[PDB]
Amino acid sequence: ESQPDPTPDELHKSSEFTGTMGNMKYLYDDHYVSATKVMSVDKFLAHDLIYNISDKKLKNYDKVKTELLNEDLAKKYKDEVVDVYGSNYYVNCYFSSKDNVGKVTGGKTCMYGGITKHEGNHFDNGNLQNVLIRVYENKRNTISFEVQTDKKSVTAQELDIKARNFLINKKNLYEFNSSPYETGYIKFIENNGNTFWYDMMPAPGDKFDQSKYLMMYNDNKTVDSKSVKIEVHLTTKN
């Protein structure tokens, strides 16, 4: 059911990552795909969905492929009108898409999960929900800040992205060469008592695989924005 807290020895240490921390920072520093009321237009593999989504800013892509945990999830959202929000990558992003006139199999950008039904998923009076993030540095709550979302059921991915974007800016969570923190995990606590956490640091070694890291979001896990509680736990060292 609930996921047990990290054992001391299982959390990734920034000390053991000899690659460039900027590759991790890239995924969260004002970086995300956002789309409203779209419907998939194609598939590549059985568990993914392809959408016609182009970025106004920079014009880096016109097609987005999102991979889900399995075929049932893909099937569930295939013909649904959804909203999209997630962290995209280009390295090792593959797909032969159903490209309209202007393009030919436009394999532009990739991501995982990040899908929520549009209909009935928004607050009345067009209000935004504020979600509080409490951050602990070396076991002490140093700061707390709020992120906002207009979705009632929001992906954990969306809140994680917003939380890290703020921390990168205010706490230098990730820098180009390294990070001022040794370990770090973001923990979600749901209203029914269920808990889960994501390790915020890259796996040991000299290489960082963006697609491998973001794959954790393929479960398309959603939480109730009005009741979730989020805690960021960081230890200093680096």
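Only the largest set of C-alpha atoms that superpose within 1.5 Å between the two forms is called the rigid core. Residue numbers here begin at 1 and follow the sequence given.
- Of 38-46 and 53-61, the stretch whose C-alpha atoms sit farther from the shown form in 7 other deposited structures of this protein, after fitting on the rigid core, is 53-61.
- In 7 other deposited structures of this protein, superposed by the rigid core, the C-alpha atoms of 118-126 lie farther from the shown form than the other of 118-126 and 154-162.
- Per the records, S96 is modelled in every other compared entry, just as the shown structure includes it, so no third of them leave it out.
- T105, though modelled here, lacks coordinates in at least a third of the other entries of this protein that were compared and that model residues flanking it.
- Comparing 134-142 with 85-93, the higher mean C-alpha B-factor in the PDB entry belongs to 134-142.
- In this crystal structure, the stretch out of 1-9 and 229-237 whose C-alpha atoms carry the higher mean B factor is 1-9.
- Out of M111, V101, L73, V154, it is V101 whose C-alpha atom has the highest B-factor in the PDB entry.
- When the C-alpha B-factors of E158, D150, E80, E119 are read from the PDB record, the largest value belongs to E119.
- In this PDB entry, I168 carries a Cα temperature factor that places it within the middle third of its chain's modelled residues.
- Remark: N194 belongs to the middle third of its chain, ranked by C-alpha B-factor as recorded.
- Residue-level temperature factors show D42 in the middle third of its chain, judged at the C-alpha atom.
- When the CA B factors of the chain's modelled residues are split into thirds, the value for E67 lands in the lowest one.
- In the deposited entry, the Cα temperature factor of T222 sits in the bottom third of values across the chain's modelled residues.
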